[PDB]
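Enquirer: Have a peek at final.pdb (PDB, C-alpha atoms).
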```pdb
MODEL        1
ATOM      1  CA  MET A 120     103.691 122.400 140.980
ATOM      2  CA  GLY A 121     100.009 121.505 140.443
ATOM      3  CA  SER A 122      98.370 118.351 141.836
ATOM      4  CA  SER A 123      98.340 115.027 139.914
ATOM      5  CA  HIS A 124     101.012 116.416 137.544
ATOM      6  CA  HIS A 125     102.839 114.016 135.192
ATOM      7  CA  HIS A 126     106.140 114.924 136.938
ATOM      8  CA  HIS A 127     107.750 114.658 133.457
ATOM      9  CA  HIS A 128     109.692 111.655 132.098
ATOM     10  CA  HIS A 129     112.394 112.475 134.700
ATOM     11  CA  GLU A 130     113.459 109.873 137.285
ATOM     12  CA  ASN A 131     116.056 109.213 140.011
ATOM     13  CA  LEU A 132     117.271 106.506 142.409
ATOM     14  CA  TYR A 133     116.240 106.396 146.083
ATOM     15  CA  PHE A 134     117.998 108.208 148.947
ATOM     16  CA  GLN A 135     121.287 110.159 149.035
ATOM     17  CA  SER A 136     124.661 110.182 150.838
ATOM     18  CA  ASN A 137     125.206 111.827 154.253
ATOM     19  CA  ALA A 138     128.075 112.605 156.649
ATOM     20  CA  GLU A 139     128.794 113.746 160.224
ATOM     21  CA  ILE A 140     131.785 114.962 162.266
ATOM     22  CA  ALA A 141     134.070 112.366 163.865
ATOM     23  CA  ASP A 142     134.085 111.823 167.656
ATOM     24  CA  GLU A 143     137.847 112.547 167.723
ATOM     25  CA  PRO A 144     139.148 114.155 170.974
ATOM     26  CA  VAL A 145     140.832 117.570 171.284
ATOM     27  CA  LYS A 146     144.430 118.051 170.117
ATOM     28  CA  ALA A 147     147.267 119.673 172.074
ATOM     29  CA  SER A 148     147.685 121.978 169.039
ATOM     30  CA  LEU A 149     144.661 123.935 170.318
ATOM     31  CA  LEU A 150     145.062 123.544 174.086
ATOM     32  CA  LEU A 151     148.700 124.725 174.027
ATOM     33  CA  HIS A 152     147.760 127.656 171.778
ATOM     34  CA  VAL A 153     145.041 128.982 174.110
ATOM     35  CA  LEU A 154     147.008 128.531 177.364
ATOM     36  CA  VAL A 155     149.787 130.778 175.999
ATOM     37  CA  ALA A 156     147.480 133.195 174.175
ATOM     38  CA  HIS A 157     145.395 133.888 177.295
ATOM     39  CA  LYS A 158     148.530 134.344 179.438
ATOM     40  CA  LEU A 159     149.831 136.959 176.969
ATOM     41  CA  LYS A 160     146.322 138.459 176.566
ATOM     42  CA  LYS A 161     146.704 137.679 172.847
ATOM     43  CA  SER A 162     144.374 135.964 170.375
ATOM     44  CA  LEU A 163     145.195 132.771 168.457
ATOM     45  CA  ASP A 164     145.436 135.096 165.433
ATOM     46  CA  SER A 165     148.426 136.833 167.084
ATOM     47  CA  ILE A 166     150.264 133.784 168.481
ATOM     48  CA  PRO A 167     152.584 132.296 165.826
ATOM     49  CA  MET A 168     153.402 128.649 166.614
ATOM     50  CA  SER A 169     156.681 129.242 164.744
ATOM     51  CA  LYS A 170     157.929 131.083 167.862
ATOM     52  CA  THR A 171     158.888 130.128 171.430
ATOM     53  CA  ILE A 172     157.649 130.972 174.949
ATOM     54  CA  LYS A 173     160.759 133.161 175.333
ATOM     55  CA  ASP A 174     160.296 134.917 171.960
ATOM     56  CA  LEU A 175     156.518 135.450 172.336
ATOM     57  CA  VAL A 176     156.938 137.635 175.446
ATOM     58  CA  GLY A 177     159.974 139.437 173.969
ATOM     59  CA  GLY A 178     162.419 137.721 176.377
ATOM     60  CA  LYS A 179     160.584 138.689 179.600
ATOM     61  CA  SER A 180     161.959 136.374 182.313
ATOM     62  CA  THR A 181     158.857 136.345 184.546
ATOM     63  CA  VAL A 182     156.123 135.244 182.130
ATOM     64  CA  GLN A 183     158.560 132.770 180.575
ATOM     65  CA  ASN A 184     158.904 131.241 184.062
ATOM     66  CA  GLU A 185     155.121 131.189 184.641
ATOM     67  CA  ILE A 186     154.312 129.487 181.305
ATOM     68  CA  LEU A 187     156.929 126.828 182.166
ATOM     69  CA  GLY A 188     154.541 125.647 184.908
ATOM     70  CA  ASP A 189     151.225 126.301 183.111
ATOM     71  CA  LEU A 190     151.518 123.347 180.709
ATOM     72  CA  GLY A 191     152.672 120.993 183.485
ATOM     73  CA  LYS A 192     149.197 121.335 185.045
ATOM     74  CA  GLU A 193     147.376 120.822 181.725
ATOM     75  CA  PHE A 194     149.460 117.959 180.274
ATOM     76  CA  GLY A 195     150.634 116.295 183.511
ATOM     77  CA  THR A 196     154.199 117.092 182.352
ATOM     78  CA  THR A 197     156.381 119.084 179.913
ATOM     79  CA  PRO A 198     159.101 117.926 177.498
ATOM     80  CA  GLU A 199     162.798 118.820 177.555
ATOM     81  CA  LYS A 200     163.933 122.445 177.112
ATOM     82  CA  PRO A 201     160.348 123.589 176.353
ATOM     83  CA  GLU A 202     161.320 127.276 176.739
ATOM     84  CA  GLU A 203     163.526 126.666 173.657
ATOM     85  CA  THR A 204     160.953 124.601 171.709
ATOM     86  CA  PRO A 205     158.465 126.455 169.474
ATOM     87  CA  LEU A 206     154.766 125.895 169.882
ATOM     88  CA  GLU A 207     154.514 124.456 166.352
ATOM     89  CA  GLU A 208     156.745 121.592 167.603
ATOM     90  CA  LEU A 209     155.793 121.624 171.301
ATOM     91  CA  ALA A 210     152.140 120.852 170.521
ATOM     92  CA  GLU A 211     153.337 117.894 168.437
ATOM     93  CA  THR A 212     155.023 116.712 171.666
ATOM     94  CA  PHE A 213     152.061 117.419 173.969
ATOM     95  CA  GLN A 214     149.530 115.317 172.024
ATOM     96  CA  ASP A 215     151.760 112.276 172.709
ATOM     97  CA  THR A 216     150.435 112.378 176.299
ATOM     98  CA  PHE A 217     147.297 114.575 176.331
ATOM     99  CA  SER A 218     144.110 113.051 177.815
ATOM    100  CA  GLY A 219     142.013 114.266 174.844
ATOM    101  CA  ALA A 220     140.016 116.437 177.285
ATOM    102  CA  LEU A 221     140.625 119.803 178.987
ATOM    103  CA  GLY A 222     143.029 120.124 181.909
ATOM    104  CA  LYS A 223     142.223 121.728 185.277
ATOM    105  CA  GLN A 224     143.391 125.201 184.147
ATOM    106  CA  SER A 225     141.685 125.253 180.722
ATOM    107  CA  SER A 226     138.436 124.205 182.462
ATOM    108  CA  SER A 227     138.593 126.677 185.392
ATOM    109  CA  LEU A 228     139.730 129.699 183.336
ATOM    110  CA  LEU A 229     136.506 129.305 181.314
ATOM    111  CA  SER A 230     134.356 130.796 184.084
ATOM    112  CA  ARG A 231     136.686 133.829 184.309
ATOM    113  CA  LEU A 232     135.459 134.980 180.885
ATOM    114  CA  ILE A 233     131.958 135.295 182.358
ATOM    115  CA  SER A 234     133.300 137.865 184.866
ATOM    116  CA  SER A 235     136.122 139.514 182.867
ATOM    117  CA  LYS A 236     133.990 141.578 180.440
ATOM    118  CA  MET A 237     130.735 139.621 179.953
ATOM    119  CA  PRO A 238     127.296 141.052 180.899
ATOM    120  CA  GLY A 239     124.989 139.474 183.542
ATOM    121  CA  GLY A 240     122.092 136.968 183.300
ATOM    122  CA  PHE A 241     123.941 133.826 182.053
ATOM    123  CA  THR A 242     126.202 130.981 183.280
ATOM    124  CA  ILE A 243     128.890 128.480 182.277
ATOM    125  CA  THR A 244     126.610 125.556 183.211
ATOM    126  CA  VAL A 245     124.023 126.625 180.628
ATOM    127  CA  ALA A 246     126.874 127.094 178.124
ATOM    128  CA  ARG A 247     127.771 123.360 178.131
ATOM    129  CA  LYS A 248     124.219 122.109 178.855
ATOM    130  CA  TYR A 249     123.846 121.337 175.121
ATOM    131  CA  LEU A 250     125.837 121.193 171.848
ATOM    132  CA  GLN A 251     125.115 117.681 170.491
ATOM    133  CA  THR A 252     121.732 119.017 169.280
ATOM    134  CA  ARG A 253     122.362 122.766 168.849
ATOM    135  CA  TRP A 254     125.100 121.990 166.280
ATOM    136  CA  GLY A 255     125.282 118.163 166.238
ATOM    137  CA  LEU A 256     128.758 118.278 167.834
ATOM    138  CA  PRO A 257     130.052 114.882 169.078
ATOM    139  CA  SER A 258     131.313 114.572 172.670
ATOM    140  CA  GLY A 259     135.003 114.577 171.650
ATOM    141  CA  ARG A 260     134.628 117.881 169.753
ATOM    142  CA  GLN A 261     132.748 119.887 172.413
ATOM    143  CA  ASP A 262     135.921 120.075 174.523
ATOM    144  CA  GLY A 263     137.714 122.241 171.932
ATOM    145  CA  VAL A 264     134.993 124.887 171.446
ATOM    146  CA  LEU A 265     135.354 126.241 174.995
ATOM    147  CA  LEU A 266     139.095 126.690 174.383
ATOM    148  CA  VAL A 267     138.311 129.018 171.457
ATOM    149  CA  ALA A 268     135.647 130.830 173.505
ATOM    150  CA  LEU A 269     138.299 131.768 176.076
ATOM    151  CA  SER A 270     140.614 133.188 173.381
ATOM    152  CA  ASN A 271     137.810 135.261 171.797
ATOM    153  CA  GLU A 272     136.903 137.094 175.056
ATOM    154  CA  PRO A 273     134.855 139.997 173.589
ATOM    155  CA  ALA A 274     135.181 143.288 175.487
ATOM    156  CA  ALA A 275     131.742 144.336 174.182
ATOM    157  CA  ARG A 276     129.647 142.308 171.692
ATOM    158  CA  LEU A 277     126.423 141.651 173.641
ATOM    159  CA  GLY A 278     124.049 144.061 175.390
ATOM    160  CA  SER A 279     122.772 141.239 177.642
ATOM    161  CA  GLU A 280     124.190 137.881 178.753
ATOM    162  CA  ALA A 281     120.919 136.173 177.763
ATOM    163  CA  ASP A 282     122.267 136.704 174.224
ATOM    164  CA  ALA A 283     125.599 135.093 175.191
ATOM    165  CA  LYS A 284     123.925 131.700 174.635
ATOM    166  CA  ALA A 285     123.560 132.732 170.976
ATOM    167  CA  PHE A 286     127.257 133.677 171.063
ATOM    168  CA  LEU A 287     128.154 129.987 171.454
ATOM    169  CA  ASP A 288     126.680 129.474 167.974
ATOM    170  CA  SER A 289     129.664 131.412 166.617
ATOM    171  CA  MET A 290     132.269 129.522 168.646
ATOM    172  CA  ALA A 291     131.209 126.191 167.100
ATOM    173  CA  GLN A 292     132.325 127.613 163.727
ATOM    174  CA  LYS A 293     135.449 129.312 165.125
ATOM    175  CA  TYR A 294     136.733 125.878 166.119
ATOM    176  CA  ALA A 295     135.695 124.290 162.808
ATOM    177  CA  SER A 296     138.100 126.603 160.948
ATOM    178  CA  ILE A 297     140.967 125.261 163.109
ATOM    179  CA  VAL A 298     140.344 121.529 162.489
ATOM    180  CA  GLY A 299     138.751 121.826 159.007
ATOM    181  CA  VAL A 300     135.383 120.189 159.853
ATOM    182  CA  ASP A 301     131.949 121.229 158.589
ATOM    183  CA  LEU A 302     128.671 122.368 160.176
TER     184      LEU A 302
ENDMDL
END
```
Represent the structure from my file as structure tokens, please.

Expert:
Amino acid sequence: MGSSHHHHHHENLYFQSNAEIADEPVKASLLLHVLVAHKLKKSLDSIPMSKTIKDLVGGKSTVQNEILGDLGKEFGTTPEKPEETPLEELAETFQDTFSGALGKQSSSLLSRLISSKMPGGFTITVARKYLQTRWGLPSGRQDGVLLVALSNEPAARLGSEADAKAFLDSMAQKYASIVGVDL
């Protein structure tokens, strides 16, 4: 529009509404999902919560016995008959005692992605160096994005690991679809 224009007879009130994501911690509904998915080399899109540890592996006795100890490290304990409790109900039991932040397995398995199929030139320290300004993510939300990064595990999606920092821009949205937040 031209300078010193009349701006028409139109008018409006000052300012407008705004919103931001809550600082709510991670839920066991995501941590349980990734710890089983990564053990079965499956994605969260192929792990139905409506099933059990014994039904997910097809009744295999070994993996069923390994997963029985994998949640005990990440939740400090496990409920009764967990190998007969589906993940859609087990997660509802795990959040009753979860610390709201990653366990020792779901924080150490994150660096294995960087050596499983990822290229070279990038690190896990520079992957968590910033998120509260790259996407505005609050401190309680950043702990769930790395869980979804471990379940994505691309076999080939980057020609250089210097571009893997731009790959974290996707993961922020992958997690938002799970909790229903906006970006």

Enquirer: Just want the 7 Å neighbourhood of range 150-155 of chain A, counted on only C-alpha atoms, with same-chain residues fewer than 4 positions away dropped. Output as a list in words.

Expert: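 The residues that qualify are residues 146, 159, 163, 210, 266 and 270 of chain A.
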
Enquirer: What does the distance from CA of residue 288 in chain A to CA of residue 241 in chain A come to in Å, to one decimal?

Expert: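 CA of residue 288 in chain A sits 15.0 Å away from CA of residue 241 in chain A.
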
Enquirer: Enter the distance from CA of residue 207 in chain A to CA of residue 258 in chain A, in Å, rounded to one decimal.

Expert: 26.0 Å

Enquirer: For a cutoff of 12 Å around the file-coordinate point (157.7, 133.2, 169.2), which residues qualify once you count all atoms listed in the file? I'd like the result as a ChimeraX atom specification.

Expert: /A:152,155-156,159,165-178,183,202-209

Enquirer: For residue 263 in chain A, which of A:285, A:295, A:277, A:232 is the closest residue, counting all atoms listed in the file?

Expert: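 Going through A:285, A:295, A:277, A:232 one by one, the smallest distance to residue 263 in chain A is for A:295.
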
Enquirer: Please report the interatomic distance between CA of residue 243 in chain A and CA of residue 221 in chain A in Å with one decimal.

Expert: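 Going from CA of residue 243 in chain A over to CA of residue 221 in chain A covers 15.0 Å.
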
Enquirer: Taking all atoms of range 171-184 of chain A that appear in the file, build a box with edges along x, y and z, extend it by 6 Å on every side, and state its centre and edge lengths in Å to one decimal, as AutoDock Vina command-line options.

Expert:
```
--center_x 159.3 --center_y 134.8 --center_z 178.0 --size_x 18.3 --size_y 21.3 --size_z 25.1
```

Enquirer: Env of residue 291 in chain A: 12 Å cut, atoms = all atoms listed in the file, seq-sep filter 6 positions within chain, self excluded. Answer as a list in words.

Expert: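 With the cut-off at 12 Å, the set is residues 246, 247, 249, 250, 251, 253, 254, 255, 256, 257, 260, 261, 262, 263, 264, 265, 266, 267, 268, 284, 285, 297, 298, 299, 300, 301 and 302 of chain A.
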
Enquirer: Point out the residue among A:182, A:229, A:275, A:140 with the least atom-to-atom distance to residue 242 in chain A, counting all atoms listed in the file.

Expert: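 Result for the nearest residue to residue 242 in chain A: A:229.
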
Enquirer: Can you translate the PyMOL selection byres ((chain A and resi 193) around 7) into the concrete residues it hits in this file, as an MDAnalysis selection string?

Expert: chainID A and resid 189:192 194:195 222:224

Enquirer: Generate a file of the selected residues that holds C-alpha atoms, formatted as a compact mmCIF listing (two decimals), in the frame of the given file.

Expert:
```
# COMPACT_ATOMS: atom_id res chain seq x y z
CA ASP A 189 151.22 126.30 183.11
CA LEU A 190 151.52 123.35 180.71
CA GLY A 191 152.67 120.99 183.48
CA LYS A 192 149.20 121.34 185.04
CA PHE A 194 149.46 117.96 180.27
CA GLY A 195 150.63 116.30 183.51
CA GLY A 222 143.03 120.12 181.91
CA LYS A 223 142.22 121.73 185.28
CA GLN A 224 143.39 125.20 184.15
```

Enquirer: Given the file shown, enumerate the residues that the PyMOL selection byres ((chain A and resi 236) around 12) captures and present them as an MDAnalysis selection string.

Expert: chainID A and resid 230:235 237:239 269 271:280 283

Enquirer: So which residues fall inside 12 Å of (148.4, 110.3, 175.6) if we count all atoms listed in the file? Mind giving them as a VMD selection string?

Expert: chain A and resid 144 to 147 194 to 196 211 to 220

Enquirer: Check the smallest atom-to-atom distance from each of A:186, A:129, A:248, A:120 to residue 157 in chain A using only C-alpha atoms, then report the winner.

Expert: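 Nearest candidate to residue 157 in chain A out of A:186, A:129, A:248, A:120: A:186.
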
Enquirer: Between A:252, A:137, A:123, A:158, which residue has the minimum interatomic distance to residue 228 in chain A, considering only C-alpha atoms?

Expert: A:158
